[PDB]
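We begin with a single chain expressed as structure tokens, specifically the form deposited in one PDB entry.
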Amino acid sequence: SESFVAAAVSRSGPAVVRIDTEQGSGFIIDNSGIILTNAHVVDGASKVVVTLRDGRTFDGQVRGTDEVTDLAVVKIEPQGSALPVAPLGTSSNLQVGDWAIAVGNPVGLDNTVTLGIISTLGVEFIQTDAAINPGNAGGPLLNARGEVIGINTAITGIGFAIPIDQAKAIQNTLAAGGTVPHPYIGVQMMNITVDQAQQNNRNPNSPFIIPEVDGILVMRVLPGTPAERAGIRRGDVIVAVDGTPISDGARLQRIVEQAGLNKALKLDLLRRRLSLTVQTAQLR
């Protein structure tokens, strides 16, 4: 009778809510009034209005946002009949080609639904060709069974969603109104190849000579950052973190994250050879 899409919607779309600050979608994940959405939906208003698909409206309190992840948590007070809940899936089970259903509640009285698949898997955003629109953003992304596997964002036609397993790791902290830790050092960085460095040094108009190595080229030192304060300059080649050699910027990020906030890291750089200690700080 019903397609599998209409069925998944029937499972999880009741709990998809409209969110208005004076706008987008979110979804209730616990009978106690915990609601997930995007930071772009709510921030920086601390007061929102939630509307259930059934037309019940609630005074929503923004519990906190994490701009780095584009996630926020809103709480409402469960009065009267029980709040419908969307069941959460696991995004680590996704495969490219899995069905993907994007549900909004932009009006408050019905769901908006679009269908597509998982297009890419890496925030490590899920990519999908399920059309993602305003108002549909901040709503859930379901798998074929109707479980939440992600949170739509309005970021072609390809759309991005925050994997659910990332929200599930951040949810406690955001509900408590705390700051999610995001350590960084503040450089735009690029993996540099020796063929790329010799190629660079052949060009009379490259901005700077590069020491013909496999490394992490500092492309830019962001203002106000630990990297600027440590004295790092554009054109520096990062050759290793403390001891371990590196040629991959993505690996450097993971070393900085595993360090934590307010940790000193020692960097091996070429400018000459130069070691500098950077104090990780919170990305803002």
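Just count from 1 along the sequence shown to find any residue number.
- Missing coordinates between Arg271 and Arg272 amount to 1 to 3 residues of the deposited sequence.
- The entry shows a gap from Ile155 to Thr156, with 4 to 9 unmodelled residues of the deposited sequence in between.
- When the C-alpha B-factors of 96-104 and 74-82 are averaged, 74-82 comes out higher.
- Averaged over CA atoms, B-factors in the entry run higher in 248-256 than in the other of 223-231 and 248-256.
- Remark: of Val48, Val41, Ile35, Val218, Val48 shows the highest value [criterion: C-alpha B-factor in the PDB entry].
- The entry lists C-alpha B-factors for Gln196, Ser119, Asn203, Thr112, and the highest of these is at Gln196.
- In the deposited entry, the Cα temperature factor of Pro211 sits in the top third of values across the chain's modelled residues.
- Among all modelled residues in its chain, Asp66 ranks in the middle third by Cα B-factor.
- When all modelled residues of the chain are sorted by CA temperature factor, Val16 is found within the lowest third.
- In the deposited entry, the Cα temperature factor of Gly135 sits in the top third of values across the chain's modelled residues.
- Among the modelled residues of the chain, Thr128 sits in the lowest third by CA temperature factor in this PDB entry.
From this point on, the text means the form deposited with a partner chain bound, which you will not see here.
- Contact with its partner chain in the bound PDB entry, defined as a heavy atom within 4.5 Å, holds for exactly one of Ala230, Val49, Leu222, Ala240, namely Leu222.
- Checking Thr179, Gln188, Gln79, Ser92 for any heavy atom within 4.5 Å of its partner chain in the bound PDB entry turns up a single hit: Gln188.
- The chain is drawn here without its partner chain; in the bound PDB entry, the stretch among 189-197, 84-92, 169-177, 69-77 whose residues come within 4.5 Å of it by any heavy atom is 189-197.
- Contact annotation for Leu252: at least one heavy atom lies within 4.5 Å of its partner chain in the bound PDB entry.
- Taking non-hydrogen atoms only, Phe160 never approaches its partner chain to within 4.5 angstroms in the bound PDB entry.
- For the chain shown alone, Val256 is a contact residue for its partner chain in the bound PDB entry, at least one non-hydrogen atom being within 4.5 angstroms.
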